[PDB]
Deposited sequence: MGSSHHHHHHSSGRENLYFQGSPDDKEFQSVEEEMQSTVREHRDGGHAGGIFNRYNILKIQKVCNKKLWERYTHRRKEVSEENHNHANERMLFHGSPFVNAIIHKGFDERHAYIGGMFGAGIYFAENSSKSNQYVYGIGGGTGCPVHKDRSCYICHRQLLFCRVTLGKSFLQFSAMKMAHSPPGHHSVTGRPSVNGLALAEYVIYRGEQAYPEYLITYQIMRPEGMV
């Protein structure tokens, strides 16, 4: 458990980047105080995930193209019990999808809502150093992933594809993002409780 969770902690800290908004959405910090890392064991969600992963693999030259990615949401507790649900997803960069990041600090910008919302419920602060936040570190099946640079408002995956990869560009994205259009293509494997730390 210790080495498995240290690997999660390393992924969480090492993928932090300096954000263009100067910390507006997610707060100002260089690292986190990781409080707890819990493995989510939801058999029904796991099987919904693996059934779809097998299907996608068969449609993508025997390859699921699975990645471990972060997800930030004010609804992590509904996600761990009921799973990711595309019915809760159009106005986003790549449309009506479920978004993930390979940089934990990008997902951190979504923990209190879009653009950070009004921050924590207690102090109404997007840069709250006191209130404990939660992120998910997820197993995500990308399958055949459609590489895109500019905004493309999809309702579903592009024809013949299983996801969209938003790649960084001068005029566009600062960091990558990964988008699925079917909730069963992600499993909320780790629940991370943490605080952002004052630099």
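**Q** What ranges of the deposited sequence are left out of this structure?
**A** Those stretches are 1-23, 113, 224-227, listed in order.
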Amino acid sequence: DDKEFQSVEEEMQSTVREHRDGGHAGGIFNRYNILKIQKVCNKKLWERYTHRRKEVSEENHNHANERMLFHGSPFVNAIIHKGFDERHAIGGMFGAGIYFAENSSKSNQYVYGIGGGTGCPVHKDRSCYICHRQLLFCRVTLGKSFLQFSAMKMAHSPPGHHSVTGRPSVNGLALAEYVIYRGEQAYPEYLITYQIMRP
From here on, numbers count along this sequence of modelled residues.
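Here, rigid core means the biggest group of C-alpha atoms that superpose within 1.5 Å across both forms.
**Q** Superpose on the core, then say which of 44-52 and 160-168 ends up with the larger RMS Cα offset from this form in 9 other deposited structures of this protein.
**A** Larger mean C-alpha displacement, comparing 160-168 and 44-52 in 9 other deposited structures of this protein, is found in 160-168.
**Q** Checking the other entries of this protein that model its neighbours, is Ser150 missing in at least a third?
**A** Across the other compared entries, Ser150 is absent from at least a third.
**Q** Between 65-73 and 28-36, point out the one with the higher average CA B-factor as the PDB entry records it.
**A** In the deposited entry, the stretch with the higher C-alpha B-factor mean is 28-36.
**Q** Could you check which stretch, 117-125 or 102-110, carries the larger mean CA temperature factor in the entry?
**A** Here the higher of the two C-alpha B-factor means belongs to 117-125.
**Q** Between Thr50, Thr141, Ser157, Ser169, let me know which has the highest C-alpha B-factor in the entry?
**A** Highest C-alpha B-factor among the listed residues goes to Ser169.
**Q** When the CA B-factors of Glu184, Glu177, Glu18, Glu189 are compared as recorded in the entry, which is the largest?
**A** Checking the PDB record, the top C-alpha B-factor among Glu184, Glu177, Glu18, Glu189 is at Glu18.
**Q** Looking at the temperature factor on the CA atom of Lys153, which third of the chain's modelled residues does it land in?
**A** Highest third, going by the recorded CA B-factors of the chain.
**Q** Lowest, middle or highest third: which one holds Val56 when the chain's residues are ordered by CA B-factor from the entry?
**A** Lowest third of the chain for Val56's C-alpha B-factor.
**Q** Per the entry's values, where does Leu136 land by CA temperature factor relative to the rest of its chain, in the lowest, middle or highest third?
**A** Its C-alpha B-factor, which the entry lists for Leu136, ranks in the lowest third among residues of this chain.
**Q** For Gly91, does the deposited CA B-factor place it in the lowest, middle or highest third of the chain?
**A** Highest third of the chain for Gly91's C-alpha B-factor.
**Q** Taking only the Cα B-factors deposited for this chain, tell me whether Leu147 sits in the lowest, middle or highest third.
**A** Middle third, going by the recorded CA B-factors of the chain.
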